[PDB]
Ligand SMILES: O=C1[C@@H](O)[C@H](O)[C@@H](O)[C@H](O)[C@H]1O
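A single chain, nothing else alongside it, follows as C-alpha cells in the form solved without the named molecule.
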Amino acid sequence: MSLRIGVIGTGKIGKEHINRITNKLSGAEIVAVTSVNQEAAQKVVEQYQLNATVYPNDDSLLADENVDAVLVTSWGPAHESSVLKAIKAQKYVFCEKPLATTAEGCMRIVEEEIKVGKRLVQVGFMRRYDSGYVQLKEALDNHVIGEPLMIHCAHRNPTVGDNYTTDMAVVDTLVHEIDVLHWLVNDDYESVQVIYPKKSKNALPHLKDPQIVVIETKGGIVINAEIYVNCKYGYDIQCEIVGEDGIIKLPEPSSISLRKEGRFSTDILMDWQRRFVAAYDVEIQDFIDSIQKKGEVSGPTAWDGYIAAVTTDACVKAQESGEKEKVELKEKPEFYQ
C-alpha cells in the first residue's frame, strides 16, 4: 500500500513536491502537512484536494502513527531541527538543501542517524538522478577513461536579482557541483582556492561575478569550477572529466536543431528550474521505491550533506581570504559506505 507522507513546510518547494507526489508519481500519498502559517497549510490541502490532517507543528505531525515518512521543505535554517526530530521518531526523511546551516549541524544529524542503525535521511541533491550524470558515473565505474585526473566544469545563469550575494555563488549554486563531483569520482575534497576574473558588466556592484573555484581532492584530482551567474546567454551546466586514457563530457539538454539565417543552432535553456525537471521526479520516486522495497533510503546521505557543508564553508572562507583553504573532513563512517 501507499507510503504515507507528511510535509513540513508548505511554501513553493513543498507545494511542488505535494503536486509531484499527488499527480505525477506512484506509490505515495500526502496524509499530513504542517506550516508556520497554519492558514497556508490548510489552503494547500484544499488546493490539492488532499485527504490530509493539518498539524500546528512538526512534533505533532511526527507523532502521527499513520505518517511513515516526511519531506522537510521549510525555511532553510529550520531544516536541521525537523530532520533531527524525524530521526528520533525513526521515520524516513527527505530534506531539501541544506541539511543544516553548519557542518556541526550536519554532524548532529549524522550522529543520531548512526544510532538508529539504518538510512532514514535523503538529501535533495537531484543531480545524481539526472540521466547525464548517471551516464558519466557508469562510464567511470566501468573504467572507460582510466583514473580521473582533472574536472572542468561551469555553472552559468542568465542573471540574478539584487538579493544574490557573493557567498551565494558557492552556498546556493556551486553546492550542486560540490555534491555531485565527489560522488562521481569517489574522492574527498582536500583544499579550495577562489580566483576572481574581472567583474562582468552584468553583475551588480556588490556581487563578485564571475568566480573560479579550484578544488583538489585527496587523491590529487584537480577541479576547475567556473561560476558565472550573470552570463546573459542562458542557464548552462557543463562538466568534463579528463581521465588518463580518455575524456567524458555531460551532454547538452535535448533540443531540435535549426538552420536559419546563416546559423546552425540548438536551444539553450534560460530557466534554472527546467534544467533538472526530470531529476526531481526520479529522486522522489527513488525515495518512495527504496523505502517500500528496501526499508531504507538510497540517494544522497546525511554524510553527503556534511561534506557539502564543510566544503561550502571552506569555499566562502577562500572567497574572503584569497588563499588556498583546507577542507577538513571527519572520517567517513562505515555506516555511510
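All residue numbers refer to positions in the sequence shown, first residue = 1.
When the two stretches 306 to 314 and 35 to 43 are set side by side, the higher mean Cα temperature factor goes to 35 to 43. Mean CA temperature factor is higher for 110 to 118 when stretches 140 to 148 and 110 to 118 are set side by side in the entry. Of the candidates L204, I223, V72, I212, the PDB record gives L204 the highest C-alpha temperature factor. Looking at the C-alpha B-factors along this chain, the one for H182 belongs to the middle third. Per the PDB record, residue ranking by Cα B-factor puts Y55 in the highest third of the chain. Among the modelled residues of its chain, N163 has a C-alpha B-factor that falls in the highest third, as given in the PDB entry.
Per the deposited record, the Cα B-factor of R127 falls in the middle third when ranked against the other modelled residues of its chain. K218 sits in the highest third of its chain by CA B factor, as recorded in the PDB entry.
There is another form of the same protein, the form solved in complex with the named molecule; it is not shown, and what comes next is about it.
This chain lacks the partner; the member of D172, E240, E216, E252 within 4.5 angstroms of the named molecule in the deposited bound form by a non-hydrogen atom is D172. For the candidate set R128, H176, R119, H182, a heavy atom within 4.5 Å of the named molecule in the deposited bound form is found for exactly one residue, namely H176. Residues placing heavy atoms within 4.5 Å of the named molecule in the deposited bound form fall in a single listed stretch, namely 151 to 159, out of 203 to 211, 105 to 113, 241 to 249, 151 to 159. The closest non-hydrogen atom of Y189 lies beyond 4.5 Å of the named molecule in the deposited bound form. Contact annotation: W272 falls within 4.5 Å of the named molecule in the deposited bound form, judged by heavy atom distances. Among heavy atoms of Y133, none comes within 4.5 Å of the named molecule in the deposited bound form. In the deposited bound form, not one residue of 280 to 317 has a heavy atom within 4.5 Å of the named molecule.
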